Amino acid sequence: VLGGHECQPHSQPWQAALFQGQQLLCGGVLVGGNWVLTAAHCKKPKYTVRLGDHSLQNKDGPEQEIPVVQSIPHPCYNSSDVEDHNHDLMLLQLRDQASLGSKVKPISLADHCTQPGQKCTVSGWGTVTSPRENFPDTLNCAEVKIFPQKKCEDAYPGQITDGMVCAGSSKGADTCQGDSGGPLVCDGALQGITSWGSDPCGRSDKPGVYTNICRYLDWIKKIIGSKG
């Protein structure tokens, strides 16, 4: 996350992180008591969901390691060709219900589709510098604005689907490597998942592209309540 800042600890209680021992892999979004929503391209045979964390270095207190008992990506995603990022969406079922409260909380799914110019936020432990990469110990947040789908399609010709949405900031705020899977939150609801973006990150030329959650509400709510 560039053009951002260290969030207030546990001000994003839905924030999750995918780990392999002590290597950060991707972000995550707590959607259910026993469900995490992340980017499909973060799939790996082996990872830990880590909830209620702020500083990787130090003990914050609301840390919950949680194993995954189901890796459910979108059935229209294809992890084969690097040029296509369509349906980059995955739900991960947790082994047990996460210990809920004010520092660990499921975020609600947006029941309306977005509009260009709408206030939104992104968060992650991804690198805050581009092109040279140094990574943050603490969770970083930043504010972004969702782009019009037409201007979205102009910065990435023939790369943007209706199941995507662009979010960006002139002022330098844009997710980067390490932030995939993390949340895009608009009006206290999850509207998108960090998918892919600009080289280098933070270019005013190129925004960030996010899975469009308001499009997949039926598929998510189906497996949030029929697989859960």
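We number the residues from 1 along the sequence you see.
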I need to verify one thing: averaged over C-alpha atoms only, is the B-factor higher for 210-218 or for 19-27? 19-27
Looking only at C-alpha temperature factors in the entry, 37-45 or 156-164, the higher average sits in 37-45
Between 142, 113, 92, 89, which one tops the list for Cα B-factor in this entry? 142
Options 176, 173, 56, 184 - largest CA temperature factor per the record: 184
Splitting the chain's C-alpha B-factors into thirds, which one does residue 102 fall into? highest
Name the third of the chain's ranked CA B-factors that contains residue 192, choosing lowest, middle or highest. lowest
Residue 80 CA temperature factor, ranked by third within the chain: highest
Considering every modelled residue of the chain and its Cα B-factor in the PDB entry, is residue 61 in the lowest, middle or highest third? lowest
Please rank the C-alpha B-factors of the chain's modelled residues and tell me whether residue 68 sits in the lowest, middle or highest third. middle
